[PDB]
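Colleague: The following file, target-v3.cif, comprises mmCIF, C-alpha atoms and all ligand atoms:
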data_start
#
loop_
_atom_site.group_PDB
_atom_site.id
_atom_site.type_symbol
_atom_site.label_atom_id
_atom_site.label_comp_id
_atom_site.auth_asym_id
_atom_site.auth_seq_id
_atom_site.Cartn_x
_atom_site.Cartn_y
_atom_site.Cartn_z
ATOM 1 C CA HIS X 1 129.856 64.284 82.600
ATOM 2 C CA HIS X 2 126.796 65.044 84.711
ATOM 3 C CA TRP X 3 126.202 68.038 86.972
ATOM 4 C CA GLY X 4 127.831 68.417 90.374
ATOM 5 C CA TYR X 5 129.834 70.829 92.486
ATOM 6 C CA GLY X 6 133.294 70.231 91.075
ATOM 7 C CA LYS X 7 135.669 72.399 89.070
ATOM 8 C CA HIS X 8 134.250 71.213 85.760
ATOM 9 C CA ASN X 9 130.570 70.521 86.459
ATOM 10 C CA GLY X 10 129.676 73.004 89.190
ATOM 11 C CA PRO X 11 126.951 75.680 89.363
ATOM 12 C CA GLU X 12 128.532 77.926 86.705
ATOM 13 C CA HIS X 13 128.171 75.054 84.189
ATOM 14 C CA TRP X 14 124.615 74.011 84.948
ATOM 15 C CA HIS X 15 122.996 76.377 82.429
ATOM 16 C CA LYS X 16 124.339 74.311 79.506
ATOM 17 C CA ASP X 17 122.110 71.353 80.394
ATOM 18 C CA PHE X 18 119.490 73.404 82.265
ATOM 19 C CA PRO X 19 119.008 76.802 80.604
ATOM 20 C CA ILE X 20 116.485 77.856 83.283
ATOM 21 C CA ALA X 21 119.596 78.343 85.453
ATOM 22 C CA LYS X 22 119.651 81.889 84.034
ATOM 23 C CA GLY X 23 115.919 82.351 84.585
ATOM 24 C CA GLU X 24 113.791 85.016 86.244
ATOM 25 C CA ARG X 25 113.174 83.346 89.604
ATOM 26 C CA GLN X 26 116.252 81.327 90.502
ATOM 27 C CA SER X 27 117.377 80.343 94.001
ATOM 28 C CA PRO X 28 119.149 80.839 96.301
ATOM 29 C CA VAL X 29 119.426 84.593 96.756
ATOM 30 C CA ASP X 30 121.054 87.033 99.114
ATOM 31 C CA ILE X 31 118.538 88.337 101.619
ATOM 32 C CA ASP X 32 119.129 92.057 102.060
ATOM 33 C CA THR X 33 117.532 92.538 105.451
ATOM 34 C CA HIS X 34 117.152 96.276 105.091
ATOM 35 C CA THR X 35 115.355 96.051 101.716
ATOM 36 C CA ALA X 36 113.057 93.188 102.789
ATOM 37 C CA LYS X 37 109.670 94.665 103.589
ATOM 38 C CA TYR X 38 107.592 93.744 106.601
ATOM 39 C CA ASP X 39 104.262 92.425 105.349
ATOM 40 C CA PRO X 40 101.626 92.561 108.108
ATOM 41 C CA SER X 41 99.265 90.504 105.927
ATOM 42 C CA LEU X 42 101.584 87.486 106.198
ATOM 43 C CA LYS X 43 100.278 84.873 108.632
ATOM 44 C CA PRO X 44 102.130 82.862 111.228
ATOM 45 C CA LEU X 45 103.727 79.738 109.835
ATOM 46 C CA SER X 46 101.934 76.510 110.723
ATOM 47 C CA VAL X 47 104.307 73.554 111.057
ATOM 48 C CA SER X 48 102.429 70.388 111.963
ATOM 49 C CA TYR X 49 105.006 67.609 112.247
ATOM 50 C CA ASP X 50 103.556 65.634 115.202
ATOM 51 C CA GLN X 51 102.553 62.682 112.956
ATOM 52 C CA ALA X 52 105.595 62.730 110.625
ATOM 53 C CA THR X 53 106.733 59.291 109.494
ATOM 54 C CA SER X 54 110.325 59.096 108.355
ATOM 55 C CA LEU X 55 111.284 55.989 106.355
ATOM 56 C CA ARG X 56 114.752 56.136 104.853
ATOM 57 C CA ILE X 57 117.909 58.136 104.519
ATOM 58 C CA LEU X 58 119.584 58.201 101.091
ATOM 59 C CA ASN X 59 122.914 59.416 99.733
ATOM 60 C CA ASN X 60 121.869 60.593 96.244
ATOM 61 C CA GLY X 61 125.319 61.813 95.213
ATOM 62 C CA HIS X 62 124.722 65.518 95.911
ATOM 63 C CA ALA X 63 123.348 65.429 99.473
ATOM 64 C CA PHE X 64 121.581 63.033 101.798
ATOM 65 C CA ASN X 65 117.788 63.015 101.928
ATOM 66 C CA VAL X 66 115.771 61.970 104.956
ATOM 67 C CA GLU X 67 112.575 60.707 103.303
ATOM 68 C CA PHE X 68 109.057 60.718 104.705
ATOM 69 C CA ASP X 69 105.843 58.847 104.001
ATOM 70 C CA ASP X 70 103.868 61.484 102.101
ATOM 71 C CA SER X 71 100.922 59.263 101.113
ATOM 72 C CA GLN X 72 98.732 60.933 103.785
ATOM 73 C CA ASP X 73 98.440 64.326 105.502
ATOM 74 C CA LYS X 74 100.920 63.544 108.291
ATOM 75 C CA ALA X 75 103.539 66.287 108.262
ATOM 76 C CA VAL X 76 102.252 69.518 106.775
ATOM 77 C CA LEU X 77 103.225 73.115 106.269
ATOM 78 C CA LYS X 78 100.534 75.772 105.873
ATOM 79 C CA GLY X 79 99.848 79.406 106.708
ATOM 80 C CA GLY X 80 102.582 81.949 106.287
ATOM 81 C CA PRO X 81 102.539 83.087 102.638
ATOM 82 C CA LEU X 82 100.976 79.813 101.526
ATOM 83 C CA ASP X 83 97.558 79.010 100.165
ATOM 84 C CA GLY X 84 96.578 75.455 100.944
ATOM 85 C CA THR X 85 98.455 72.565 102.449
ATOM 86 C CA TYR X 86 101.939 71.333 101.641
ATOM 87 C CA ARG X 87 103.183 67.861 102.598
ATOM 88 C CA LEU X 88 106.681 67.061 103.813
ATOM 89 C CA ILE X 89 108.455 64.651 101.430
ATOM 90 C CA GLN X 90 112.123 64.988 102.465
ATOM 91 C CA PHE X 91 114.744 67.136 104.087
ATOM 92 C CA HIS X 92 118.411 67.551 103.282
ATOM 93 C CA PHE X 93 121.298 69.899 103.936
ATOM 94 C CA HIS X 94 123.920 71.907 102.072
ATOM 95 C CA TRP X 95 127.273 72.482 103.761
ATOM 96 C CA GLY X 96 130.840 73.661 103.330
ATOM 97 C CA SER X 97 134.392 72.320 103.443
ATOM 98 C CA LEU X 98 134.864 74.552 106.475
ATOM 99 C CA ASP X 99 132.655 76.560 108.823
ATOM 100 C CA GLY X 100 132.920 79.873 106.924
ATOM 101 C CA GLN X 101 130.719 78.722 104.045
ATOM 102 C CA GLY X 102 128.053 76.175 103.213
ATOM 103 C CA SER X 103 124.707 77.925 103.112
ATOM 104 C CA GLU X 104 122.883 78.663 99.871
ATOM 105 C CA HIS X 105 120.900 81.677 100.986
ATOM 106 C CA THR X 106 122.940 84.439 102.523
ATOM 107 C CA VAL X 107 121.852 87.225 104.886
ATOM 108 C CA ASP X 108 123.422 90.599 104.079
ATOM 109 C CA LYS X 109 126.057 88.483 102.294
ATOM 110 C CA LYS X 110 126.696 86.398 105.439
ATOM 111 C CA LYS X 111 127.286 82.714 104.729
ATOM 112 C CA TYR X 112 126.310 80.174 107.372
ATOM 113 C CA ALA X 113 128.070 76.840 107.879
ATOM 114 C CA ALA X 114 125.139 74.932 106.433
ATOM 115 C CA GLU X 115 121.502 75.141 105.458
ATOM 116 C CA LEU X 116 118.625 72.733 106.053
ATOM 117 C CA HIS X 117 115.858 72.389 103.433
ATOM 118 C CA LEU X 118 112.554 70.822 104.423
ATOM 119 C CA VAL X 119 110.807 70.144 101.134
ATOM 120 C CA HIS X 120 106.977 70.130 100.892
ATOM 121 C CA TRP X 121 104.589 69.730 97.935
ATOM 122 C CA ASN X 122 101.187 71.314 97.374
ATOM 123 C CA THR X 123 98.505 68.694 97.935
ATOM 124 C CA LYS X 124 96.300 70.191 95.233
ATOM 125 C CA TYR X 125 98.680 68.682 92.642
ATOM 126 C CA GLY X 126 98.448 65.095 93.874
ATOM 127 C CA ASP X 127 102.130 64.233 94.088
ATOM 128 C CA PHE X 128 105.622 65.677 93.991
ATOM 129 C CA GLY X 129 106.265 65.018 90.295
ATOM 130 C CA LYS X 130 103.210 66.991 89.249
ATOM 131 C CA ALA X 131 103.803 69.706 91.842
ATOM 132 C CA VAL X 132 107.270 70.654 90.531
ATOM 133 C CA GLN X 133 105.626 71.559 87.202
ATOM 134 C CA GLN X 134 103.591 74.340 88.861
ATOM 135 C CA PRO X 135 104.687 77.808 89.997
ATOM 136 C CA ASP X 136 103.184 77.196 93.456
ATOM 137 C CA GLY X 137 104.036 73.520 93.601
ATOM 138 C CA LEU X 138 106.574 73.418 96.428
ATOM 139 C CA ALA X 139 107.178 75.127 99.734
ATOM 140 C CA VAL X 140 110.720 74.807 101.079
ATOM 141 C CA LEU X 141 111.474 75.714 104.677
ATOM 142 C CA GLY X 142 115.087 76.876 104.881
ATOM 143 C CA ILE X 143 116.912 76.920 108.212
ATOM 144 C CA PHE X 144 120.477 78.178 108.693
ATOM 145 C CA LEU X 145 123.064 76.230 110.709
ATOM 146 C CA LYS X 146 125.848 77.868 112.679
ATOM 147 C CA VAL X 147 128.594 76.076 114.576
ATOM 148 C CA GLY X 148 128.417 76.274 118.363
ATOM 149 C CA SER X 149 126.529 74.062 120.794
ATOM 150 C CA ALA X 150 125.313 70.694 119.526
ATOM 151 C CA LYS X 151 121.779 70.159 118.234
ATOM 152 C CA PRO X 152 120.573 67.078 120.139
ATOM 153 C CA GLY X 153 117.787 66.420 117.641
ATOM 154 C CA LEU X 154 120.332 66.185 114.811
ATOM 155 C CA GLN X 155 122.478 63.474 116.359
ATOM 156 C CA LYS X 156 120.401 60.517 115.105
ATOM 157 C CA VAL X 157 121.038 61.801 111.564
ATOM 158 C CA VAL X 158 124.764 62.281 112.158
ATOM 159 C CA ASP X 159 125.169 58.778 113.539
ATOM 160 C CA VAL X 160 123.632 56.980 110.539
ATOM 161 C CA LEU X 161 125.831 58.757 107.929
ATOM 162 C CA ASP X 162 128.577 56.129 108.259
ATOM 163 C CA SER X 163 126.126 53.644 106.737
ATOM 164 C CA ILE X 164 125.396 55.749 103.624
ATOM 165 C CA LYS X 165 128.879 56.949 102.779
ATOM 166 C CA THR X 166 128.665 56.557 99.026
ATOM 167 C CA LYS X 167 126.174 57.626 96.521
ATOM 168 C CA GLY X 168 123.180 55.392 95.917
ATOM 169 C CA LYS X 169 123.427 53.944 99.427
ATOM 170 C CA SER X 170 120.323 54.007 101.627
ATOM 171 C CA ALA X 171 119.475 52.982 105.175
ATOM 172 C CA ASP X 172 116.287 52.464 107.165
ATOM 173 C CA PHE X 173 115.529 55.626 109.150
ATOM 174 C CA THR X 174 112.225 55.430 110.983
ATOM 175 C CA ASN X 175 110.767 57.464 113.823
ATOM 176 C CA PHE X 176 112.890 60.550 113.267
ATOM 177 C CA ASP X 177 111.159 63.672 114.546
ATOM 178 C CA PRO X 178 111.967 66.735 112.417
ATOM 179 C CA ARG X 179 110.614 69.046 115.150
ATOM 180 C CA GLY X 180 114.018 68.522 116.758
ATOM 181 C CA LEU X 181 115.635 70.560 113.973
ATOM 182 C CA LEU X 182 113.551 73.734 114.363
ATOM 183 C CA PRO X 183 114.695 76.930 116.060
ATOM 184 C CA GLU X 184 112.603 78.659 118.756
ATOM 185 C CA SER X 185 111.224 81.383 116.510
ATOM 186 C CA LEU X 186 109.333 80.884 113.251
ATOM 187 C CA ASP X 187 109.976 84.457 112.043
ATOM 188 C CA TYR X 188 110.762 84.218 108.329
ATOM 189 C CA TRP X 189 111.537 85.849 105.018
ATOM 190 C CA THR X 190 109.672 84.654 101.920
ATOM 191 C CA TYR X 191 110.081 85.025 98.159
ATOM 192 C CA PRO X 192 109.283 83.081 94.942
ATOM 193 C CA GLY X 193 112.106 80.949 93.647
ATOM 194 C CA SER X 194 113.386 77.636 92.368
ATOM 195 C CA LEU X 195 114.925 74.311 93.185
ATOM 196 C CA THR X 196 118.599 74.961 93.906
ATOM 197 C CA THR X 197 119.663 71.739 92.152
ATOM 198 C CA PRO X 198 118.975 70.662 88.571
ATOM 199 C CA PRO X 199 116.383 70.688 87.079
ATOM 200 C CA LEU X 200 116.218 74.141 88.828
ATOM 201 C CA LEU X 201 112.475 74.339 88.278
ATOM 202 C CA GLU X 202 110.786 77.605 89.210
ATOM 203 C CA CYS X 203 108.182 75.999 91.451
ATOM 204 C CA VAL X 204 109.136 77.017 94.996
ATOM 205 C CA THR X 205 107.745 79.369 97.596
ATOM 206 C CA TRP X 206 110.777 79.871 99.796
ATOM 207 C CA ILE X 207 110.306 80.347 103.509
ATOM 208 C CA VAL X 208 113.668 81.095 105.173
ATOM 209 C CA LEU X 209 113.723 81.295 108.969
ATOM 210 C CA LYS X 210 115.582 84.213 110.531
ATOM 211 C CA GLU X 211 116.829 82.268 113.572
ATOM 212 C CA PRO X 212 119.594 79.760 112.860
ATOM 213 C CA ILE X 213 120.006 76.517 114.730
ATOM 214 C CA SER X 214 123.322 75.742 116.409
ATOM 215 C CA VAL X 215 125.124 72.486 115.654
ATOM 216 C CA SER X 216 128.476 71.336 116.992
ATOM 217 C CA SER X 217 131.738 71.294 115.088
ATOM 218 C CA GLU X 218 131.714 67.508 115.532
ATOM 219 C CA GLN X 219 128.277 67.251 113.967
ATOM 220 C CA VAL X 220 129.180 69.174 110.789
ATOM 221 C CA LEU X 221 132.539 67.358 110.565
ATOM 222 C CA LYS X 222 130.583 64.128 110.128
ATOM 223 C CA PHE X 223 128.589 65.640 107.212
ATOM 224 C CA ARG X 224 131.989 66.232 105.588
ATOM 225 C CA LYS X 225 132.969 62.537 105.705
ATOM 226 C CA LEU X 226 130.304 61.612 103.148
ATOM 227 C CA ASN X 227 131.288 60.882 99.533
ATOM 228 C CA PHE X 228 129.958 62.271 96.248
ATOM 229 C CA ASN X 229 131.262 59.148 94.558
ATOM 230 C CA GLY X 230 129.845 55.658 94.362
ATOM 231 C CA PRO X 231 131.187 52.416 95.874
ATOM 232 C CA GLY X 232 134.750 51.563 94.835
ATOM 233 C CA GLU X 233 135.300 54.885 93.089
ATOM 234 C CA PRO X 234 137.976 57.426 93.949
ATOM 235 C CA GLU X 235 136.989 59.237 97.143
ATOM 236 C CA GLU X 236 135.681 62.745 96.713
ATOM 237 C CA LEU X 237 134.356 64.283 99.912
ATOM 238 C CA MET X 238 130.809 65.577 99.838
ATOM 239 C CA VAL X 239 131.586 69.169 100.801
ATOM 240 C CA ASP X 240 130.640 72.540 99.298
ATOM 241 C CA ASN X 241 127.432 71.160 97.809
ATOM 242 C CA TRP X 242 125.865 74.636 97.753
ATOM 243 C CA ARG X 243 124.761 76.845 94.891
ATOM 244 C CA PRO X 244 125.760 80.495 95.313
ATOM 245 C CA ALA X 245 123.320 83.400 95.422
ATOM 246 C CA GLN X 246 121.548 84.169 92.145
ATOM 247 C CA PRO X 247 120.253 87.480 90.776
ATOM 248 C CA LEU X 248 117.083 88.681 92.504
ATOM 249 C CA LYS X 249 115.780 90.248 89.276
ATOM 250 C CA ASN X 250 112.124 91.298 89.553
ATOM 251 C CA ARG X 251 111.386 89.927 93.029
ATOM 252 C CA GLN X 252 110.654 91.282 96.448
ATOM 253 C CA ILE X 253 111.561 89.501 99.663
ATOM 254 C CA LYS X 254 108.955 89.891 102.334
ATOM 255 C CA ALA X 255 109.464 89.641 106.102
ATOM 256 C CA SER X 256 106.964 88.241 108.582
ATOM 257 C CA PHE X 257 108.477 90.323 111.374
ATOM 258 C CA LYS X 258 109.524 93.878 112.177
HETATM 259 ZN ZN ZN M 1 118.426 72.047 99.107
#
Give the structure from this file in C-alpha cells form.

Modeller:
Amino acid sequence: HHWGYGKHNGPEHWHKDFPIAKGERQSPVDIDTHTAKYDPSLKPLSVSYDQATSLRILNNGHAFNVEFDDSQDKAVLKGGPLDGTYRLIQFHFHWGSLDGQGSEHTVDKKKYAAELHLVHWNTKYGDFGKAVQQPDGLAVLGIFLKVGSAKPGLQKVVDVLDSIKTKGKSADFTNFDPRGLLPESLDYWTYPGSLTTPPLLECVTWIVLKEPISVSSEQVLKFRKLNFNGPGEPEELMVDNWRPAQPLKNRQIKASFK
C-alpha cells in the first residue's frame, strides 16, 4: 500500500508516510498573479541546453522521466533567482484525465492540461542525492501545457511511450533536445518550495514560466495511454498524476516581469 494518485493512496494520504507533506514550504501552489511582486533585482534566466545528452526514458509508476547524463556540465540552468549552477538530470510531466485539469501549479486558480518539470541539481552538492538534502539543492523549471497546436519538439517523446507502457519499463532515448519544449519567453515566477512527489523534500527553488507551450489533443491523449501498473497487472491508466495546490504559508512569489 504505497503512495500514488488513487482513491486510497492519493495526495491527501501522503502525510501519513511523509509528515513533511504538511510542512512550511510545500509545492505546488496557486500563483496569485496580482499578489506576486515584480522583483527588478531578479536576473534573466540562463538556460544552456546546447550540449544536453539524453540517455533513457523510464516509466517509474508515477510519471515518465527523460533522463540525462549529468556527470558533466552539459545542460545547465543558472541566473534568474539562482546562485550557482544547476545541472539537468531529468524532465517529466504531470497531466489530467481530460484537458480541464492536469497541472500542479495553478495561475489565479486556472488549471492547465499538463505541466512539464525540468529538474536540476546544484553542482555545489556533488550529486542529486546530496542536493535534495539541502534547502537550495534543486531548481525545477515548470512549464504549463495547453491543448491547441502540436509541439513538434514533443513528438519524439510521444512516439516512444508505447514502448514504456508499464511501470519499471525503460527505453533508450538519445539525442533528444529539450530546447524544443521551451516557450518563446522566459518570463517567470519564482518561490521556495518542495518536490511534489514523496519524499516531498523542501529543497526546490521553483521557476515557473508564464508562457505555456501548446501541445495537440493527440499528443496529450498518448500520455493518457500509459499505465501506473506493472507488466501483467490490472490496467490502471496513468492520468491525474498531479498534486493539488498547497498552502502558501509564509512565502512570497516573485515575478521577473511587469
Ligand atoms: Zn514533477

Colleague: List the residues selected by the PyMOL selection byres (((chain X and resi 136) around 7) and not hetatm) in the file shown, writing them as a ChimeraX atom specification.

Modeller: /X:134-135,137-138,203-205

Colleague: Given the selection you just returned, output its residues as a file containing C-alpha atoms, formatted as a PDB file, in the frame of the given file.

Modeller:
ATOM      1  CA  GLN X 134     103.591  74.340  88.861  1.00  0.00           C
ATOM      2  CA  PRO X 135     104.687  77.808  89.997  1.00  0.00           C
ATOM      3  CA  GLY X 137     104.036  73.520  93.601  1.00  0.00           C
ATOM      4  CA  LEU X 138     106.574  73.418  96.428  1.00  0.00           C
ATOM      5  CA  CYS X 203     108.182  75.999  91.451  1.00  0.00           C
ATOM      6  CA  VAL X 204     109.136  77.017  94.996  1.00  0.00           C
ATOM      7  CA  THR X 205     107.745  79.369  97.596  1.00  0.00           C
TER       8      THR X 205
END

Colleague: Evaluate the PyMOL selection byres (((chain X and resi 102) around 6) and not hetatm) and record the selected residues as a PyMOL selection string, following the chain and residue labels used in the document.

Modeller: chain X and resi 95-96+101+103+113-114+240

Colleague: Hey, which of X:160, X:20, X:239, X:141 ends up closest to residue 66 (chain X)? Count all atoms listed in the file.

Modeller: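 Comparing X:160, X:20, X:239, X:141 against residue 66 (chain X), the winner is X:160.
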
Colleague: Which is closest to ligand ZN 1 (chain M) among X:29, X:116, X:143, X:82, if we use only C-alpha atoms and all ligand atoms?

Modeller: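 Looking at the shortest contact to ligand ZN 1 (chain M), the residue is X:116.
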
Colleague: In Å to one decimal, how far is CA of residue 18 (chain X) from CA of residue 199 (chain X)?

Modeller: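 Interatomic distance here is 6.3 Å.
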
Colleague: Which residues match the PyMOL selection byres (((not hetatm)) within 12 of (chain M and resi 1)) in the file above, as a PyMOL selection string?

Modeller: chain X and resi 27-28+62-66+90-95+102-105+114-120+139-144+194-198+200+204+206+208+241-244

Colleague: Separation of CA of residue 8 (chain X) and CA of residue 202 (chain X), in Å?

Modeller: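 The value is 24.6 Å.
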
Colleague: What's the separation between CA of residue 237 (chain X) and CA of residue 59 (chain X), in Å to one decimal place?

Modeller: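 Here the two named atoms are 12.4 Å from each other.
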
Colleague: Check the smallest atom-to-atom distance from each of X:97, X:175, X:170, X:35 to residue 52 (chain X) using all atoms listed in the file, then report the winner.

Modeller: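 Nearest candidate to residue 52 (chain X) out of X:97, X:175, X:170, X:35: X:175.
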
Colleague: Given the point (122.4, 69.7, 122.7) in the coordinates of this file, which residues lie within 12 Å, counting all atoms listed in the file, and how would they look as a PyMOL selection string?

Modeller: chain X and resi 148-155+180-181+213-216+218-219

Colleague: Between X:109, X:78, X:56, X:1, which is the closest to residue 122 (chain X) once you count all atoms listed in the file?

Modeller: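 Looking at the shortest contact to residue 122 (chain X), the residue is X:78.
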
Colleague: Which is closest to residue 222 (chain X) among X:245, X:161, X:77, X:57, if we use only C-alpha atoms?

Modeller: X:161

Colleague: Quick one: residues within 6 Å of (112.8, 86.3, 105.7) (file frame), counting all atoms listed in the file, please, as a list in words.

Modeller: residues 188, 189, 190, 208, 210 and 255 of chain X
